[PDB]
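Dumped my_file.txt below, it's compact mmCIF, C-alpha atoms:
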```
# COMPACT_ATOMS: atom_id res chain seq x y z
CA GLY X 1 5.00 55.36 82.68
CA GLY X 2 6.22 51.83 82.11
CA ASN X 3 8.42 50.38 79.42
CA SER X 4 7.76 47.72 76.80
CA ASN X 5 9.74 45.78 74.25
CA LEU X 6 8.99 45.54 70.59
CA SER X 7 10.08 42.59 68.55
CA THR X 8 10.23 41.43 64.96
CA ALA X 9 11.38 38.59 62.71
CA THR X 10 15.02 37.95 61.98
CA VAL X 11 15.76 38.63 58.34
CA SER X 12 19.17 37.57 57.14
CA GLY X 13 21.15 40.44 55.70
CA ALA X 14 18.69 43.05 56.89
CA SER X 15 19.14 46.32 58.61
CA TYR X 16 16.25 47.51 60.72
CA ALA X 17 14.91 51.01 61.17
CA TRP X 18 12.19 51.95 63.62
CA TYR X 19 10.39 55.21 63.14
CA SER X 20 8.30 57.22 65.54
CA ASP X 21 5.58 58.29 63.17
CA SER X 22 3.66 58.00 59.95
CA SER X 23 5.57 58.90 56.81
CA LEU X 24 8.75 57.68 58.47
CA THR X 25 10.14 61.16 59.12
CA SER X 26 11.92 60.56 62.42
CA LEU X 27 14.12 57.60 63.32
CA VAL X 28 14.09 56.31 66.89
CA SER X 29 16.09 53.09 66.88
CA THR X 30 17.92 50.55 64.75
CA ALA X 31 17.56 47.21 66.46
CA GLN X 32 15.83 43.95 66.02
CA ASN X 33 14.08 44.26 69.42
CA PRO X 34 14.11 47.87 70.74
CA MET X 35 12.40 49.13 73.89
CA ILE X 36 9.96 52.01 74.17
CA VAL X 37 10.66 53.84 77.41
CA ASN X 38 8.24 55.86 79.59
CA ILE X 39 5.02 55.20 77.68
CA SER X 40 2.28 57.56 78.81
CA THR X 41 -0.35 56.78 76.21
CA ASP X 42 -1.17 54.31 73.49
CA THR X 43 1.72 54.57 71.10
CA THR X 44 2.86 53.18 67.76
CA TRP X 45 6.20 52.54 66.13
CA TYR X 46 6.76 51.80 62.44
CA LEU X 47 9.28 49.29 61.11
CA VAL X 48 11.18 49.25 57.84
CA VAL X 49 13.41 46.32 56.93
CA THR X 50 16.06 46.92 54.27
CA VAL X 51 17.89 44.13 52.44
CA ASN X 52 20.51 44.71 49.73
CA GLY X 53 19.31 48.30 49.44
CA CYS X 54 15.56 47.42 48.96
CA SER X 55 13.19 48.65 51.67
CA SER X 56 9.99 46.98 52.83
CA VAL X 57 6.67 48.62 53.45
CA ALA X 58 6.58 49.82 57.01
CA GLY X 59 4.97 47.42 59.44
CA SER X 60 3.73 48.62 62.78
CA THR X 61 2.49 47.88 66.25
CA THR X 62 0.53 49.57 69.00
CA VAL X 63 1.45 49.35 72.66
CA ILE X 64 -1.63 49.75 74.78
CA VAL X 65 -1.41 51.62 78.03
CA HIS X 66 -3.45 49.92 80.73
CA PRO X 67 -6.20 52.18 82.10
CA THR X 68 -5.28 53.83 85.40
CA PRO X 69 -7.19 52.23 88.31
CA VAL X 70 -9.83 54.07 90.32
CA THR X 71 -9.01 56.22 93.35
CA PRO X 72 -9.42 54.25 96.67
CA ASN X 73 -12.50 54.52 98.87
CA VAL X 74 -11.40 56.02 102.21
CA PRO X 75 -13.56 57.42 105.11
CA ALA X 76 -14.63 61.03 105.53
CA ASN X 77 -12.77 63.35 107.85
CA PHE X 78 -13.05 62.02 111.32
CA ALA X 79 -12.27 63.10 114.84
CA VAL X 80 -11.09 61.01 117.76
CA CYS X 81 -10.99 61.93 121.42
CA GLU X 82 -7.55 61.98 122.97
CA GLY X 83 -6.89 58.53 124.44
CA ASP X 84 -9.37 56.76 122.11
CA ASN X 85 -8.56 54.71 118.99
CA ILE X 86 -7.95 55.76 115.38
CA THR X 87 -9.25 53.15 113.01
CA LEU X 88 -8.47 53.25 109.34
CA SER X 89 -9.85 51.05 106.61
CA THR X 90 -10.65 51.00 102.94
CA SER X 91 -13.64 49.57 101.13
CA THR X 92 -11.86 48.65 97.90
CA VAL X 93 -10.04 45.53 96.80
CA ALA X 94 -6.37 45.69 95.86
CA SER X 95 -3.37 43.51 95.16
CA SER X 96 -1.74 45.61 97.82
CA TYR X 97 -2.44 48.75 99.72
CA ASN X 98 -0.05 51.57 100.56
CA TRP X 99 -1.03 53.70 103.55
CA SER X 100 1.08 56.44 105.09
CA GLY X 101 0.74 59.15 107.72
CA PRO X 102 1.72 60.98 110.92
CA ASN X 103 4.24 59.42 113.30
CA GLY X 104 5.60 57.25 110.51
CA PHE X 105 2.37 55.35 110.25
CA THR X 106 2.41 52.88 107.43
CA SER X 107 0.47 49.83 106.36
CA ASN X 108 0.16 47.44 103.46
CA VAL X 109 -3.33 46.05 104.14
CA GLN X 110 -7.04 46.80 103.70
CA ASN X 111 -7.48 47.11 107.47
CA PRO X 112 -4.34 48.63 109.11
CA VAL X 113 -3.40 48.15 112.70
CA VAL X 114 -5.46 50.38 114.96
CA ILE X 115 -3.63 53.27 116.57
CA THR X 116 -4.44 53.08 120.24
CA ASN X 117 -4.23 55.76 122.90
CA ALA X 118 -4.41 58.47 120.27
CA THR X 119 -2.54 61.64 121.12
CA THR X 120 -2.27 64.80 119.11
CA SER X 121 0.92 63.53 117.50
CA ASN X 122 -1.27 61.14 115.48
CA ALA X 123 -3.38 63.96 114.11
CA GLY X 124 -2.83 64.77 110.48
CA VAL X 125 -3.48 63.42 107.03
CA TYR X 126 -3.59 59.70 106.34
CA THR X 127 -3.02 58.94 102.66
CA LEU X 128 -3.85 55.80 100.64
CA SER X 129 -2.97 54.51 97.17
CA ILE X 130 -3.81 51.12 95.60
CA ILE X 131 -1.99 48.64 93.42
CA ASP X 132 -4.47 46.86 91.18
CA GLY X 133 -4.39 43.30 89.79
CA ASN X 134 -2.51 44.34 86.72
CA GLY X 135 0.26 46.06 88.68
CA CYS X 136 -0.75 49.76 88.13
CA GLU X 137 -0.96 52.32 90.96
CA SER X 138 -4.11 54.42 91.52
CA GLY X 139 -4.18 58.06 92.51
CA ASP X 140 -4.03 59.17 96.14
CA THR X 141 -6.96 59.91 98.41
CA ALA X 142 -6.78 60.89 102.04
CA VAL X 143 -8.63 61.30 105.32
CA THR X 144 -7.86 64.05 107.77
CA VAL X 145 -7.86 62.92 111.37
CA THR X 146 -8.01 65.31 114.26
CA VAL X 147 -7.50 64.57 117.94
CA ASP X 148 -9.53 66.41 120.56
CA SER X 149 -7.58 67.11 123.73
CA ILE X 150 -9.16 65.84 127.03
CA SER A 1 48.84 55.28 34.17
CA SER A 2 51.67 53.45 32.47
CA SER A 3 55.43 53.82 32.13
CA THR A 4 55.32 52.93 28.44
CA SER A 5 55.73 55.92 26.17
CA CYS A 6 52.72 56.09 23.80
CA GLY A 7 51.67 58.90 21.46
CA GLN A 8 48.01 58.69 22.32
CA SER A 9 46.25 56.54 24.81
CA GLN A 10 42.72 55.31 24.44
CA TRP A 11 41.24 53.98 27.64
CA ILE A 12 38.61 51.31 27.57
CA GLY A 13 36.35 51.18 30.57
CA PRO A 14 32.98 49.51 31.07
CA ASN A 15 31.51 52.04 28.58
CA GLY A 16 34.32 51.77 26.00
CA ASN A 17 35.12 50.65 22.53
CA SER A 18 32.69 52.83 20.57
CA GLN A 19 32.64 56.29 18.93
CA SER A 20 29.95 57.60 21.27
CA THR A 21 32.30 57.13 24.23
CA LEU A 22 35.80 57.46 22.82
CA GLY A 23 35.34 60.93 21.44
CA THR A 24 37.91 63.27 19.88
CA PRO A 25 41.33 63.02 21.67
CA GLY A 26 42.76 65.68 23.92
CA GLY A 27 41.01 68.29 26.01
CA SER A 28 38.59 67.19 28.72
CA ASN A 29 38.37 63.61 27.48
CA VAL A 30 39.38 61.16 30.16
CA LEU A 31 39.15 58.20 27.82
CA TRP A 32 41.29 59.46 24.99
CA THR A 33 44.35 61.31 26.11
CA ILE A 34 47.52 62.50 24.47
CA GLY A 35 49.83 60.58 26.83
CA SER A 36 49.80 57.54 29.11
CA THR A 37 48.22 59.08 32.28
CA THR A 38 44.49 59.73 32.75
CA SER A 39 42.63 61.18 35.72
CA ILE A 40 38.93 60.47 36.24
CA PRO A 41 37.11 62.77 38.73
CA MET A 42 34.20 61.48 40.79
CA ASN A 43 31.83 63.65 38.77
CA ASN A 44 32.43 61.70 35.61
CA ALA A 45 30.34 59.14 33.77
CA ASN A 46 33.35 56.85 33.45
CA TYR A 47 34.30 56.80 37.16
CA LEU A 48 33.58 53.12 37.34
CA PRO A 49 35.03 49.98 38.94
CA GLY A 50 35.75 46.95 36.80
CA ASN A 51 38.09 45.77 34.08
CA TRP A 52 40.04 48.53 32.35
CA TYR A 53 42.53 48.33 29.55
CA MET A 54 44.50 50.74 27.41
CA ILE A 55 45.29 50.95 23.72
CA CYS A 56 48.57 52.68 22.73
CA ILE A 57 48.25 54.59 19.52
CA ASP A 58 51.25 55.45 17.41
CA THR A 59 50.48 58.87 15.98
CA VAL A 60 53.06 58.53 13.22
CA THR A 61 52.27 55.08 11.81
CA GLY A 62 48.71 54.39 12.98
CA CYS A 63 49.77 51.17 14.85
CA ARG A 64 47.95 49.98 17.98
CA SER A 65 49.01 47.87 20.95
CA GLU A 66 46.85 46.63 23.78
CA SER A 67 47.64 46.62 27.42
CA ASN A 68 47.19 44.38 30.34
CA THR A 69 43.97 44.27 32.22
CA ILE A 70 43.39 45.78 35.65
CA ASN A 71 40.51 45.44 38.08
CA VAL A 72 39.75 48.86 39.46
CA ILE A 73 38.12 48.81 42.87
CA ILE A 74 36.20 51.80 44.15
CA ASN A 75 35.02 51.41 47.74
CA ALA A 76 31.86 52.87 49.22
CA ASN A 77 31.91 55.36 52.07
CA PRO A 78 29.67 54.01 54.88
CA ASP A 79 26.48 55.94 55.72
CA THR A 80 26.39 58.53 58.46
CA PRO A 81 25.76 56.20 61.42
CA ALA A 82 22.87 56.69 63.77
CA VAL A 83 23.75 57.04 67.41
CA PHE A 84 21.36 56.37 70.27
CA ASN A 85 21.64 56.62 74.04
CA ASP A 86 19.85 55.68 77.28
CA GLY A 87 17.94 58.91 77.60
CA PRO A 88 18.06 61.44 80.40
CA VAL A 89 20.55 60.66 83.14
CA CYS A 90 20.87 62.30 86.60
CA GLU A 91 23.87 64.52 87.26
CA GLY A 92 26.88 62.33 87.95
CA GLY A 93 25.33 59.24 86.42
CA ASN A 94 26.44 57.07 83.55
CA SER A 95 24.81 56.28 80.22
CA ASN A 96 25.41 53.94 77.33
CA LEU A 97 25.70 54.92 73.72
CA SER A 98 24.86 52.52 70.96
CA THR A 99 25.08 52.23 67.21
CA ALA A 100 24.40 49.90 64.28
CA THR A 101 26.52 46.86 63.60
CA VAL A 102 28.45 47.30 60.38
CA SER A 103 30.24 44.23 59.12
CA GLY A 104 33.95 44.80 58.72
CA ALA A 105 33.88 48.14 60.48
CA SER A 106 36.04 49.63 63.12
CA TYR A 107 34.44 52.24 65.33
CA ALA A 108 35.92 55.41 66.73
CA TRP A 109 34.17 57.68 69.19
CA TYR A 110 35.42 61.20 69.60
CA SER A 111 34.85 63.69 72.37
CA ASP A 112 34.45 66.79 70.27
CA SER A 113 33.82 68.54 67.00
CA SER A 114 36.53 68.17 64.39
CA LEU A 115 37.32 64.74 65.79
CA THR A 116 40.53 65.81 67.53
CA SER A 117 40.40 63.57 70.60
CA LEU A 118 39.51 59.89 70.70
CA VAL A 119 37.65 58.53 73.71
CA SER A 120 36.67 54.97 72.85
CA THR A 121 36.63 52.30 70.17
CA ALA A 122 33.58 50.17 70.78
CA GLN A 123 30.25 49.46 69.29
CA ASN A 124 28.44 50.45 72.52
CA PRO A 125 30.66 52.53 74.86
CA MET A 126 29.62 54.13 78.13
CA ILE A 127 29.98 57.76 79.12
CA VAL A 128 30.89 57.91 82.80
CA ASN A 129 30.17 60.68 85.33
CA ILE A 130 28.09 62.99 83.13
CA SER A 131 27.67 66.38 84.76
CA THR A 132 26.07 68.27 81.90
CA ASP A 133 24.50 67.73 78.52
CA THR A 134 27.20 66.09 76.49
CA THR A 135 27.84 64.86 72.96
CA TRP A 136 30.00 62.19 71.41
CA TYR A 137 30.81 61.86 67.71
CA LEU A 138 31.03 58.57 65.83
CA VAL A 139 33.10 57.62 62.81
CA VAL A 140 32.72 54.20 61.20
CA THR A 141 35.58 53.00 59.00
CA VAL A 142 35.28 50.13 56.53
CA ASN A 143 38.12 48.94 54.26
CA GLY A 144 39.95 52.19 54.99
CA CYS A 145 37.00 54.52 54.06
CA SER A 146 35.60 56.67 56.87
CA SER A 147 32.02 57.83 57.30
CA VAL A 148 30.85 61.29 58.18
CA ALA A 149 30.71 61.57 61.93
CA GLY A 150 27.32 60.88 63.43
CA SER A 151 26.48 62.06 66.90
CA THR A 152 24.23 61.98 69.91
CA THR A 153 23.43 64.11 72.93
CA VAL A 154 22.92 62.71 76.40
CA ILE A 155 20.63 64.96 78.36
CA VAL A 156 21.25 65.48 82.03
CA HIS A 157 18.00 65.52 83.97
CA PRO A 158 17.43 68.82 85.80
CA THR A 159 18.35 68.67 89.49
CA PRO A 160 15.20 68.64 91.67
CA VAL A 161 14.25 71.49 93.98
CA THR A 162 15.51 71.78 97.56
CA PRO A 163 12.99 70.31 100.11
CA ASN A 164 10.58 72.46 102.11
CA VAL A 165 11.49 72.08 105.81
CA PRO A 166 10.31 74.15 108.86
CA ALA A 167 12.05 77.19 110.27
CA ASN A 168 14.31 76.92 113.29
CA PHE A 169 12.28 75.74 116.17
CA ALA A 170 12.63 75.30 119.90
CA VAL A 171 11.16 72.62 122.12
CA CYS A 172 10.92 72.57 125.90
CA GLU A 173 12.80 69.77 127.58
CA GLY A 174 10.41 66.84 127.99
CA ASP A 175 8.14 67.93 125.10
CA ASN A 176 8.03 66.50 121.56
CA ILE A 177 10.12 67.27 118.47
CA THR A 178 8.04 66.95 115.36
CA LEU A 179 9.58 66.99 111.94
CA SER A 180 7.83 67.05 108.60
CA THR A 181 8.24 68.19 105.04
CA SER A 182 5.73 69.81 102.72
CA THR A 183 7.10 68.38 99.47
CA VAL A 184 6.37 65.18 97.59
CA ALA A 185 9.13 62.67 96.95
CA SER A 186 9.73 59.13 95.82
CA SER A 187 11.59 58.82 99.06
CA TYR A 188 12.86 61.07 101.78
CA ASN A 189 16.21 60.93 103.55
CA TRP A 190 16.29 62.57 106.99
CA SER A 191 19.21 62.50 109.39
CA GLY A 192 20.22 64.08 112.68
CA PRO A 193 21.33 64.02 116.34
CA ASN A 194 21.24 60.75 118.28
CA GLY A 195 21.33 58.77 115.05
CA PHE A 196 17.94 60.03 114.05
CA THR A 197 16.95 58.86 110.64
CA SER A 198 13.79 58.54 108.59
CA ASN A 199 12.65 57.69 105.09
CA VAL A 200 9.21 59.33 105.13
CA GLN A 201 7.42 62.66 104.72
CA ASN A 202 6.37 62.61 108.38
CA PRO A 203 9.07 60.97 110.57
CA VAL A 204 8.41 59.39 113.91
CA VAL A 205 8.05 62.02 116.60
CA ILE A 206 10.88 62.24 119.11
CA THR A 207 9.25 62.16 122.50
CA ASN A 208 10.59 63.30 125.85
CA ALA A 209 13.08 65.58 124.14
CA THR A 210 16.33 66.07 126.01
CA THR A 211 19.27 68.19 125.05
CA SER A 212 20.89 65.23 123.32
CA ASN A 213 18.28 65.66 120.56
CA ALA A 214 19.26 69.26 119.97
CA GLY A 215 21.14 69.94 116.79
CA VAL A 216 20.66 70.09 113.06
CA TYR A 217 18.13 67.90 111.29
CA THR A 218 18.94 67.56 107.58
CA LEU A 219 16.69 66.49 104.68
CA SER A 220 17.26 65.54 101.03
CA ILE A 221 14.72 64.25 98.48
CA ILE A 222 14.73 61.63 95.77
CA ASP A 223 12.43 62.71 92.96
CA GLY A 224 10.32 60.59 90.57
CA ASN A 225 13.10 60.31 88.07
CA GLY A 226 15.61 59.02 90.61
CA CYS A 227 17.72 62.24 91.14
CA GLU A 228 18.66 63.59 94.59
CA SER A 229 17.93 67.21 95.56
CA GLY A 230 20.21 69.45 97.58
CA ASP A 231 20.14 69.48 101.39
CA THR A 232 18.15 71.80 103.60
CA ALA A 233 18.01 71.73 107.36
CA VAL A 234 16.23 72.88 110.50
CA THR A 235 18.05 73.69 113.70
CA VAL A 236 16.30 72.40 116.79
CA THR A 237 17.14 73.59 120.26
CA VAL A 238 15.99 72.17 123.56
CA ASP A 239 15.27 74.47 126.50
CA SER A 240 16.22 72.96 129.84
CA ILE A 241 13.42 72.83 132.51
```
Would you mind writing the structure in this file as structure tokens?
Amino acid sequence: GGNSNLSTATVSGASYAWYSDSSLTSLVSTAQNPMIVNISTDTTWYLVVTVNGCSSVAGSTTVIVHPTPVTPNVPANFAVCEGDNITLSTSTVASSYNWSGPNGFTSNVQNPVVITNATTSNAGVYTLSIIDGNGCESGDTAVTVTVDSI
Amino acid sequence: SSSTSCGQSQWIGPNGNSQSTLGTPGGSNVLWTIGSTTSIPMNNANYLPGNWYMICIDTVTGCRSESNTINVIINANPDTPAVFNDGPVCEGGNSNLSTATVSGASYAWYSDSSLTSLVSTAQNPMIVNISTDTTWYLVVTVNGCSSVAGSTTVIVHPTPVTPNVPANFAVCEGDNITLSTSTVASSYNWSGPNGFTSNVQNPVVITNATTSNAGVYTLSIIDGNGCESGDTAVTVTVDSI
């Protein structure tokens, strides 16, 4: 889903044409250094440089899409007695963590602040996603937490 | 052409001065006419730039007299320009257009087909406040010769779907007001009575509800492409104890 720049050599007197595919059937941009926007998979652009009416053989480059990181390791559904604590944690390592849940609960760490004196307003689904070392976000996982009235 | 009265006029272009070019005078023969003016169509082998001259032929005596020399210049019409834009834009947003740099060119961007209304003269103009899919046309003019209008379409991203919010509820005075939405958003924007506000799917619960928290709680959603959905709302009443 990210963007990346392409770049090439400056050729005096040249016009540049970037094509989306083999056989140069569809033009995408005319720039020395165009950007590819919203890349979902490994993709290639082809480049033709034309000087004084003579066109070069298309050059090319591949932008690699970084592999999506693995879904976080989060505990199984648990239950807490009303008045007791809700403890959340994850077993994986991240650049950052993004937790969210009931009552506006949020946290950016591996071991979020414990919710004390749990009441039924803290029951619900606690969701976690992870940002890896290369900056990519993993898919969501979640734990359902119930609170048993006393 | 020439003002000098000549019986026949033999034109010498880049292909001239030989019997295979200067064929029999008169008729459809642009290089050997029966008067001083000649017209060369674009679909003609002799429609060429360069140094031209004329030989006046006296049809009574056979005498010949040569002319002065002119440099005929035929200018090229620039290529249909390519036009690119910033991609899908949310309703009401702005987007840039861009084209190739053509040395010596002036640029004219038109709002519609047939080029009847001019909107901007720039290499990379912006379209402001786009409500629907829209197109601009581009004409590039060099040395007085205009290109065929190129064009591009800016797509307006489809407005996201109205948020899913609970039905009107009632809370007993002293009890809790819980708000939530069932949809997924980049961000949420909740607002309501007593300055209530929240940016999440599950806002902080309003405890010890009093009648000052009664009223209309409104929600809008920002989607993954940055566009805002329309409002929906839940009316919350508080029953005095």
Report as JSON lines the residues of chain X within 12 Å of chain A, each with its shortest atom pair and distance in Å (one decimal), using only C-alpha atoms, ordered by chain and increasing residue number.
```
{"residue": "X:1", "atom": "CA", "partner": "A:224", "partner_atom": "CA", "distance": 10.9}
{"residue": "X:13", "atom": "CA", "partner": "A:103", "partner_atom": "CA", "distance": 10.4}
{"residue": "X:14", "atom": "CA", "partner": "A:101", "partner_atom": "CA", "distance": 11.0}
{"residue": "X:15", "atom": "CA", "partner": "A:100", "partner_atom": "CA", "distance": 8.5}
{"residue": "X:16", "atom": "CA", "partner": "A:100", "partner_atom": "CA", "distance": 9.2}
{"residue": "X:17", "atom": "CA", "partner": "A:100", "partner_atom": "CA", "distance": 10.0}
{"residue": "X:18", "atom": "CA", "partner": "A:82", "partner_atom": "CA", "distance": 11.7}
{"residue": "X:26", "atom": "CA", "partner": "A:82", "partner_atom": "CA", "distance": 11.7}
{"residue": "X:27", "atom": "CA", "partner": "A:82", "partner_atom": "CA", "distance": 8.8}
{"residue": "X:28", "atom": "CA", "partner": "A:84", "partner_atom": "CA", "distance": 8.0}
{"residue": "X:29", "atom": "CA", "partner": "A:84", "partner_atom": "CA", "distance": 7.1}
{"residue": "X:30", "atom": "CA", "partner": "A:100", "partner_atom": "CA", "distance": 6.5}
{"residue": "X:31", "atom": "CA", "partner": "A:100", "partner_atom": "CA", "distance": 7.7}
{"residue": "X:32", "atom": "CA", "partner": "A:100", "partner_atom": "CA", "distance": 10.6}
{"residue": "X:34", "atom": "CA", "partner": "A:84", "partner_atom": "CA", "distance": 11.2}
{"residue": "X:35", "atom": "CA", "partner": "A:86", "partner_atom": "CA", "distance": 10.5}
{"residue": "X:36", "atom": "CA", "partner": "A:86", "partner_atom": "CA", "distance": 11.0}
{"residue": "X:37", "atom": "CA", "partner": "A:87", "partner_atom": "CA", "distance": 8.9}
{"residue": "X:38", "atom": "CA", "partner": "A:87", "partner_atom": "CA", "distance": 10.4}
{"residue": "X:99", "atom": "CA", "partner": "A:200", "partner_atom": "CA", "distance": 11.8}
{"residue": "X:100", "atom": "CA", "partner": "A:200", "partner_atom": "CA", "distance": 8.6}
{"residue": "X:101", "atom": "CA", "partner": "A:202", "partner_atom": "CA", "distance": 6.6}
{"residue": "X:102", "atom": "CA", "partner": "A:202", "partner_atom": "CA", "distance": 5.5}
{"residue": "X:103", "atom": "CA", "partner": "A:204", "partner_atom": "CA", "distance": 4.2}
{"residue": "X:104", "atom": "CA", "partner": "A:204", "partner_atom": "CA", "distance": 4.9}
{"residue": "X:105", "atom": "CA", "partner": "A:204", "partner_atom": "CA", "distance": 8.1}
{"residue": "X:106", "atom": "CA", "partner": "A:200", "partner_atom": "CA", "distance": 9.7}
{"residue": "X:119", "atom": "CA", "partner": "A:205", "partner_atom": "CA", "distance": 11.5}
{"residue": "X:120", "atom": "CA", "partner": "A:176", "partner_atom": "CA", "distance": 10.7}
{"residue": "X:121", "atom": "CA", "partner": "A:205", "partner_atom": "CA", "distance": 7.3}
{"residue": "X:122", "atom": "CA", "partner": "A:205", "partner_atom": "CA", "distance": 9.4}
{"residue": "X:123", "atom": "CA", "partner": "A:202", "partner_atom": "CA", "distance": 11.4}
{"residue": "X:124", "atom": "CA", "partner": "A:202", "partner_atom": "CA", "distance": 9.7}
{"residue": "X:125", "atom": "CA", "partner": "A:202", "partner_atom": "CA", "distance": 10.0}
{"residue": "X:126", "atom": "CA", "partner": "A:202", "partner_atom": "CA", "distance": 10.6}
{"residue": "X:127", "atom": "CA", "partner": "A:201", "partner_atom": "CA", "distance": 11.3}
```
Notebook entry, point to check: Excluding same-chain residues fewer than 2 positions from residue 115 (chain A), what lies within 10 Å of it counting all atoms listed in the file, as a ChimeraX atom specification?
Noted result: /A:108-113,117-118,136-139,149
Just the selected residues (C-alpha atoms), exported as a compact mmCIF listing (two decimals), in the coordinates of the input, please.
```
# COMPACT_ATOMS: atom_id res chain seq x y z
CA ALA A 108 35.92 55.41 66.73
CA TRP A 109 34.17 57.68 69.19
CA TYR A 110 35.42 61.20 69.60
CA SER A 111 34.85 63.69 72.37
CA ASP A 112 34.45 66.79 70.27
CA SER A 113 33.82 68.54 67.00
CA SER A 117 40.40 63.57 70.60
CA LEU A 118 39.51 59.89 70.70
CA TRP A 136 30.00 62.19 71.41
CA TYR A 137 30.81 61.86 67.71
CA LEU A 138 31.03 58.57 65.83
CA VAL A 139 33.10 57.62 62.81
CA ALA A 149 30.71 61.57 61.93
```
Next item on the list: Measure the distance from CA of residue 148 (chain X) to CA of residue 76 (chain X) in Å and round it to one decimal.
Entry: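 Answer for the CA of residue 148 (chain X) to CA of residue 76 (chain X) separation: 16.8 Å.
Across the structure, CA of residue 129 (chain A) and CA of residue 189 (chain A) are spaced 23.0 Å apart.
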Notebook entry, point to check: Within 7 Å of (3.3, 55.3, 78.0), in the coordinates the file gives, what residues turn up when you count only C-alpha atoms, written out as a ChimeraX atom specification?
Noted result: /X:1-2,38-42,65
Could you take the residues named above and write them with C-alpha atoms, as a compact mmCIF listing (two decimals), in the coordinates of the input?
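Written file, part23.txt:
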```txt
# COMPACT_ATOMS: atom_id res chain seq x y z
CA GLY X 1 5.00 55.36 82.68
CA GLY X 2 6.22 51.83 82.11
CA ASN X 38 8.24 55.86 79.59
CA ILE X 39 5.02 55.20 77.68
CA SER X 40 2.28 57.56 78.81
CA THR X 41 -0.35 56.78 76.21
CA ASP X 42 -1.17 54.31 73.49
CA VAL X 65 -1.41 51.62 78.03
```
Take region 115-126 of chain A, model N, CA, C and O atoms, and hand the result over as an mmCIF file, keeping the file's coordinate frame.
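selection16.cif, written as the output of this step:
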```
data_model
loop_
_atom_site.group_PDB
_atom_site.id
_atom_site.type_symbol
_atom_site.label_atom_id
_atom_site.label_comp_id
_atom_site.auth_asym_id
_atom_site.auth_seq_id
_atom_site.Cartn_x
_atom_site.Cartn_y
_atom_site.Cartn_z
ATOM 1 N N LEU A 115 36.764 66.051 65.580
ATOM 2 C CA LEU A 115 37.320 64.740 65.790
ATOM 3 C C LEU A 115 38.792 64.776 66.195
ATOM 4 O O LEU A 115 39.612 64.043 65.656
ATOM 5 N N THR A 116 39.136 65.640 67.140
ATOM 6 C CA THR A 116 40.530 65.810 67.530
ATOM 7 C C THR A 116 40.976 64.926 68.673
ATOM 8 O O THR A 116 42.184 64.752 68.870
ATOM 9 N N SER A 117 40.046 64.367 69.436
ATOM 10 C CA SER A 117 40.400 63.570 70.600
ATOM 11 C C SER A 117 39.538 62.338 70.665
ATOM 12 O O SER A 117 38.317 62.439 70.610
ATOM 13 N N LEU A 118 40.179 61.181 70.713
ATOM 14 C CA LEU A 118 39.510 59.890 70.700
ATOM 15 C C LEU A 118 39.209 59.481 72.118
ATOM 16 O O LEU A 118 40.066 59.612 72.986
ATOM 17 N N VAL A 119 38.003 58.982 72.378
ATOM 18 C CA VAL A 119 37.650 58.530 73.710
ATOM 19 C C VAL A 119 37.440 57.031 73.789
ATOM 20 O O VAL A 119 37.822 56.420 74.783
ATOM 21 N N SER A 120 36.847 56.411 72.778
ATOM 22 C CA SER A 120 36.670 54.970 72.850
ATOM 23 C C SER A 120 36.550 54.358 71.471
ATOM 24 O O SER A 120 36.254 55.037 70.499
ATOM 25 N N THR A 121 36.771 53.055 71.402
ATOM 26 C CA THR A 121 36.630 52.300 70.170
ATOM 27 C C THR A 121 35.773 51.094 70.482
ATOM 28 O O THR A 121 36.297 50.030 70.795
ATOM 29 N N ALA A 122 34.465 51.251 70.398
ATOM 30 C CA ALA A 122 33.580 50.170 70.780
ATOM 31 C C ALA A 122 32.256 50.299 70.055
ATOM 32 O O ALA A 122 31.850 51.386 69.655
ATOM 33 N N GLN A 123 31.543 49.205 69.893
ATOM 34 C CA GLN A 123 30.250 49.460 69.290
ATOM 35 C C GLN A 123 29.366 50.200 70.271
ATOM 36 O O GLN A 123 28.774 51.189 69.877
ATOM 37 N N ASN A 124 29.358 49.844 71.560
ATOM 38 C CA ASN A 124 28.440 50.450 72.520
ATOM 39 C C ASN A 124 29.124 50.953 73.792
ATOM 40 O O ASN A 124 28.949 50.359 74.850
ATOM 41 N N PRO A 125 29.891 52.030 73.726
ATOM 42 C CA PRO A 125 30.660 52.530 74.860
ATOM 43 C C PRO A 125 29.801 53.245 75.862
ATOM 44 O O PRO A 125 28.736 53.732 75.517
ATOM 45 N N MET A 126 30.304 53.385 77.090
ATOM 46 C CA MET A 126 29.620 54.130 78.130
ATOM 47 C C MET A 126 30.282 55.461 78.432
ATOM 48 O O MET A 126 31.506 55.555 78.492
#
```
